[PDB]
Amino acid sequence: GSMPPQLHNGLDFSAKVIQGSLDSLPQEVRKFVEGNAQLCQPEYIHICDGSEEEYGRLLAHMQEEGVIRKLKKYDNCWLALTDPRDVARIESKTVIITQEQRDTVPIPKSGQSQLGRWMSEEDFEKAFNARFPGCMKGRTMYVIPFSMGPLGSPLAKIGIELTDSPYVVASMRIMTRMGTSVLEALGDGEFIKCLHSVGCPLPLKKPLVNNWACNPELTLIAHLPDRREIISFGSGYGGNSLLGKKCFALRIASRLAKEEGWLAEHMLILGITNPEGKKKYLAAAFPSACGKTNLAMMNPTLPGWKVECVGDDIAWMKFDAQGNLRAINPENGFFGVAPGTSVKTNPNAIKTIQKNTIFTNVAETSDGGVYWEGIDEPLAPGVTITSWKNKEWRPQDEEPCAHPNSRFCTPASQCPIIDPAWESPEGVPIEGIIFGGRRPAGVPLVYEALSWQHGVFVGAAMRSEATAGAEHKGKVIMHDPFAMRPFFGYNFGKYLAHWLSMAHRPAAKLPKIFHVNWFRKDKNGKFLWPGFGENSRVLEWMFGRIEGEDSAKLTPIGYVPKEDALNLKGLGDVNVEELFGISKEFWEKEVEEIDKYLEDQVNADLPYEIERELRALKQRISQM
């Protein structure tokens, strides 16, 4: 980029650049970098190249600074422990900026929307001015050029993230394609502008907790889709700071998708091969902390079945000229929930995470390894544990050894069952789409939608127990339509209309739509379904249905498996009565709840087809 004019020496940041060159940046990239440097006043500017040496040195630097620790039991793995105020997404501080509120969320009848948070442009400007001026004083501003999707993909989009956090830098290296090749690929093209600061300019005004720079009181994660900007202040935690992931690849991207005729979704993408040598790709939207990563890299218990992972969290999809729904994973790594992860529940993850992996808020064993709730693996006598709170911890204490939302951040290329087409620019053809969440009562193991319009309603109607992915506590059953409640880039009613419109386009090969429940419990609080690898039995049913197998019976909520259609061999004890039961009383209550929620929260933007599906379901239940 060209040197900016100036009458003094305060606008050209060249003298502060410690890696790279402002002169060699594309013009608009330099303007973005330099304009935000003038604002944030970093001491240095480091333009990331994405090299292993850059990565190695930056890790070493955080190490000597006490910001991360080396996990010496493994190969190039590292541990960060955060300030306990900065441990997850915060939905209440996550906002979208548009001229009119209705462009961002439907106007709720009750007056409080549960489908996003809108902030006026003028309110945002004030919030921005109270945060960012001088916020990087005494820090390095890192410039991360990154690509969502393989360098080529028709589906791929480039961002530049500016951050004062080396932790963000290292994590983005794993979770996106990052560095010099991205700038070369961008040229003078368009990019998403992403600005991040931990909100702790030097000298420190507040006491630093556990060497983790953050500003909880001022935390704000903002999205400005008209400006193509994401602006995030005060949090270093993944979902808030790795701007390509939730901020770009769901929130911004879903709005772009609506405008441009594609889809951006909170979905895994997996490839499943049967004993007859046939492979199908499926997508699944479950809410945060509801099993996507476990399903995407499942080790099937059924002989002759194979599952391969394309992506575990984000799907970008578009109908091609042939009418196939084609999906790509825009991420480059897995940012997975650690606790619960074991050789038993997710052996494929256990394999992936022992090299080149960054862990956040898990426990450390005295021999340099990791520990967490449900790791289900004994330690040798004499091995001791440091909790994620950096305290000595014993298996019989008050609190967990790892944070409930503790994460691993691991390269996708490492996964032993990574799908061979996971970086194909063409994407993979999706043949079914699975919705589901945590319902301890009433909702059977699996059912199939009656039609496209009904499947879109099933997505819209999704409810699920609260999890630790964000700020929500306890186990209350919440609405989480399409697993996208925290992530809609625009009015949910319009998003429903967008999904419905897919049925109207030329030669569209619409996928089969299913709904699952891994989480139904008996009257004792015991899970009725073993889950995990055993979920291959459900996927088998879905596979045959996609092929047109006569294996379904009609019920009021959709098609279910016929008696004996599911392979339950090796699971002789399963209470099929309760697991597959559909109660009129439960479903009457359920449909009334859905009706009130859609009326209140979607209101004037609720598409007629969805209100029709509600009426029809209500009618079918009334005839039980």
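A residue's number is simply how far along the shown sequence it sits, counting from 1. By rigid core we mean the largest C-alpha set that fits within 1.5 Å across both forms.
Root-mean-square C-alpha deviation from the shown form, taken over all structures in 5 other deposited structures of this protein superposed by the rigid core, is larger for 520-528 than for the alternative among 238-246 and 520-528.
Averaged as a root mean square over residues and superposed structures in 5 other deposited structures of this protein, CA distances to the shown form are larger in 103-111; the pair compared was 266-274 and 103-111 with a core fit. Compared with other PDB entries of the same protein, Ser387 is present in all of those that resolve the residues around it, none of them, let alone a third, dropping it. Of the other entries compared for this protein that flank it with modelled residues, all give atoms for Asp75, so not even a third lack it. Between 226-234 and 474-482, it is 474-482 that carries the larger average Cα temperature factor according to the deposited entry. Stretches 66-74 and 551-559 differ in mean CA B factor, with 66-74 having the higher one. Comparing C-alpha B-factors across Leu151, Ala497, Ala80, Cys401 in the deposited entry, the largest value falls on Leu151. Note on the listed residues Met297, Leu379, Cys194, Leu325: the highest Cα temperature factor in the record is that of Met297.
Among the modelled residues of its chain, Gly50 has a C-alpha B-factor that falls in the middle third, as given in the PDB entry. When the modelled residues of the chain are ordered by C-alpha B-factor, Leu598 sits in the lowest third. In the PDB entry, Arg505 places in the highest third of its chain by CA B-factor.
Among the modelled residues of its chain, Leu617 has a C-alpha B-factor that falls in the lowest third, as given in the PDB entry. In this PDB entry, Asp23 carries a Cα temperature factor that places it within the highest third of its chain's modelled residues.
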